[PDB]
Structure formats: structure tokens, C-alpha cells
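One chain comes next, on its own, written as C-alpha cells: the form deposited in one PDB entry.
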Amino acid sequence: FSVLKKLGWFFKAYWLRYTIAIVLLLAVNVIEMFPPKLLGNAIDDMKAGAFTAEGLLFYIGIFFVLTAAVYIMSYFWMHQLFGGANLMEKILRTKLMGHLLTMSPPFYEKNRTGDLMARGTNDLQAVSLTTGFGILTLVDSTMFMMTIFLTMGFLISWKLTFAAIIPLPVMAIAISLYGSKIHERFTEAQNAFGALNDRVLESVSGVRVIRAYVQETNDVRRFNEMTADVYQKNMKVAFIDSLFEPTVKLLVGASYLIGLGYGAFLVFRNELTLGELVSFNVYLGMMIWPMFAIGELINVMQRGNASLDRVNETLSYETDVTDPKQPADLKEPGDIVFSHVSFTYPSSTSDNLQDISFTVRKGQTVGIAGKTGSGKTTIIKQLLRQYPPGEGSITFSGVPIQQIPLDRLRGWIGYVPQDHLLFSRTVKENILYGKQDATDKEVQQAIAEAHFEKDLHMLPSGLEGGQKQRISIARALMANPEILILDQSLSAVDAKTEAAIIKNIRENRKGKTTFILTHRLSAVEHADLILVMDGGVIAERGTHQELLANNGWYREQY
């Protein structure tokens, strides 16, 4: 029972509502303790000589009053407790999503998406159920069973009570054991059903081969056998599931007949009366429940602790990979330089970069060439602060990137990843995405200067090969980045569109730095600085002219 200790903040923040809820619960229990006694007294008074219409009216009135009170108070304390649980869900969802936003790629490399989605869909339900319903069942199983027991003991008798409550403990124990075993069998059956569901996908995705080789009969046999296995598992579950109603009926009937028989025996010995007997019966009838409440409490508490101790890990323990510091006083980036940068990915022992050194002036265009896997895009990652700084120095006009605010740095750069990351919004929002929805006019320009408004005319605005790339580059150009980075931006279109595209971008962006990563070396001709990256180093560097006066390097096309 440590979940309540680990959620102190929630109760301290919301303590008044829970105080009202618990006080109302106790008051409702006490007030609800009467009606059985009132009926016992009314019965005991009908037999006796004295009974008048005044007693009838009084009993009717008190019954109605108590009924109204319990109705209203029950409504209000359920309101408070289950509203508290809902607020807990809301708070946890906000916390989880915010933390997910504020993390970096390395965190997502260690943690799979399935676990995060589970922790955003399952653990939250368990923790909210713990804060609301586990507390409800704790109140019941602790106080309700004690008050009913001490009311029966003192109002009616103690011999009858001790004798008629013997079977209920064993009933609860048996219920708990049945619950555990049936949960185990249910897990087994669910695993079998999943194994079935895997097979159907294979037999339906690969329909062409099966029919082509007339193997459908074997697929029928396999499916029928696995269905039979699922049926056997379900029957093994039902074997244990059919033991709830017999045990409960037997062990409640035992208690009721002990009450009736031994109470009639005491009525003979004159220690009891008829009214007390019926009141005892009703008290047992309402006492049946705490038995189930105990098991509900234990299960919910264990589940909640398991979920919470896990959520705190992927919500708190992780620290942001990159950290800013005292902001520096810089407004725009002068020049980008690399002073022997050395860097290694967290999840690998390979360098991927070995003291890369070069420089870039304002308005300088830099071209990068090489073969696949030769750390072409790793350098850009070293500039977008997506990973730890590693080693070296990357100074923007004289200050390392460490001092530039993360907010400021992202403002300068314009990223176009080689992969297609287009969000499932309308095309308009996807392109305004960079500008954060400031205005509409320059969208038509942005796409015209991207020379892809023709594609827009050839598609209805909404939903959503080279279309993704053109949209991405237009989005990057929306922000007018001071350092525009393209990572194989135009691969689908070669030598016909990309040439004019790069020419227009270059002429438009005149005093702004530009980086071009591209497999084709034809598209980086005008780049006044070109580097070739092989392995973790740069084999050669120089202007396009020098390239022609060097080793033939993948120029074997034209």
C-alpha cells in the first residue's frame, strides 16, 4: 500500500475534496445503518399490544427522510471522489505529453514507441483507478465492515454474530484464490488467441501464393486446429470461472441458516426477539459486500503501484540530452566554422567523424559529396544540437553553439530531412507549419519560388513521391532561414527540376549560408565550396574546378 504514499502531491493539492468525500462516506454509512433496526423495531412493536397510527406515520416519515439523505450524500461523495480520479488522469496525461515533447532523439532510441504508448494508455487508467476506487474500497473494507459488525454485536447479540460470520472469511479467501487462478488461465487463453490471430494475417496477406499452389486446404486444416486450441483454452478458463456462483451461494446460505436457526434457538431461550432476527438477516445481507471489496482493494493497489513506479521512470528519471546556459548576446550568425570536431553516436562505438575542419562565410554555399554511409548527414546533426556536443568546437562568429539559446538556434536553421516527415494536416497547415501561421500571402510565393505550385494546381487542397519533398522544401523556405540545410532534398527529380530549383534558391538567398547534401554531384556545381566525405574524415575539399583536377570521384556519368 505504497501508491498513496507516492501520490502525496495530488492529495495535498486536492485535499479539501477528499476530506469532504470521506466525511460524507462515514456519515452515509452511519445513517444507512438505521433502516434495518427501524424495521426490526416496527415488527417487534406490531406483536406487542401497543401500536397506533402515530407509529405508522412516524416510521414512514423517518424512512423517507433517511432515504433522501443517503441519496443526496451518496451522489455528492461519488461526485467528489470520481471527479478527483478524472483530474488525476488529466494531470498525468498533460505531464506525460509535455515530457515527451521536451526530449531528444537519443531518448527515443532507448525507448520504443510501444512502451510509451502503453504508458500513455494503460498505466494512467490504473493509477486513476487507484486514487479513486482503491480509496473507496479501503473506506468500505476498513470501516463499513467494522461498523456493521459492532452494530450487530451490541444491538443484537455477540454469540449470534460470531457464529454467523464464520463462513464469510473463507468465502473471501476462496474468491481471491479463484480470481488469481482465473487471471492466469485468461492470460494463457489470450496468448493462444493472439497466436491464432497471427496465423490469419499470413494466410490472407499471401493469398496469391496459396492459391497459386492450391494449398488452401492445408490453410483450412491449420486454422481449424488453432481454433480448436483456442476453444480448449476457453473451456479451461470456464472450468474455474464457473466456481464463483456455487461457492458464494453455499457460504451465504450457510450464514443465513445459522442466523435463522440459532436465533430461533435463542428466541426460545428468550435472549432475542423476532425483530432482532430480521434486523440480523438484513445486516448480513448488506455485510456480504466488504468480502469482495477486500480483493478489489488488493488487486487495484498492486496494479497501481506497478504502473506508477514504471511511469515515474519514463516521466521523471530521464534528463534532457541537451542543456542551455546563460544566454549570450548574439542576434545573427556571422560565420560557421568547425575546429577539429570529433563525435560518436551514443548507440555505437564507431567515430563517424574524425576532426573535421572547414569554414563557411556569410553568403557562402557549401557542397558535400560522398558515398552512402560516409557520415554525410552526421555533420548536420552536429549542428542541430540533436546529440551531445561530443568533442571539438563549432563557433558561430567566435562563440561555441553551447551559449546560443536553443530557441534562437532553431530560428536560424532551416531543416529539410531526407526522410519524408509530413504531418497529417491540410496542405495549408503543413506549409504554414514553419511560419507558425502568421499570414497567408507569402505561401503562394513560397510555392512559386519552389516552382511546385503546378503540383498544387494538380491536387485538391487537403489530406496529405516528390510531392512530400517539394512541400518540405517550401516549408523550410517559409521561415527564410539564415542557414538553410538540405539533406538530399531533391532525389526523385534529377537534372530537370532540381537544377532550376537550386538556381532559384541560390539567387533568392544571396547573403545567407546554404548547405547542400546530395548524392548526385551535378546539382552542386555552382557551390563555391565543395567537400568530399569518406568514412570519418574528408578525403578532399575545394572548388568544383579543383574537383576536375583531382581523382575521378563518381563523376563517371558525364
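Throughout, rigid core stands for the largest set of C-alpha atoms superposing within 1.5 Å between the two forms. In this text, residue numbers run from 1 along the sequence as written.
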According to the entry, how many residues of the deposited sequence fall between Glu225 and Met226 and are not modelled? Options: none, 1 to 3, 4 to 9, 10 or more. none
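Omitted from view is the form deposited in another entry, to which the following refers.
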Only one of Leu406, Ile298, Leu330, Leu116 passes the 2 Å C-alpha shift threshold between the shown form and the other one with the rigid core fixed, namely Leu330
Fitting the rigid core first, would the Cα of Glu313 be found 2 Å or more away between the shown form and the other one? no
Determine, after fitting the two forms on their core, whether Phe82 shows a C-alpha shift of 2 Å or more between the shown form and the other one. no
Cα displacement of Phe133 between the shown form and the other one reaching 2 Å, rigid core superposed: no
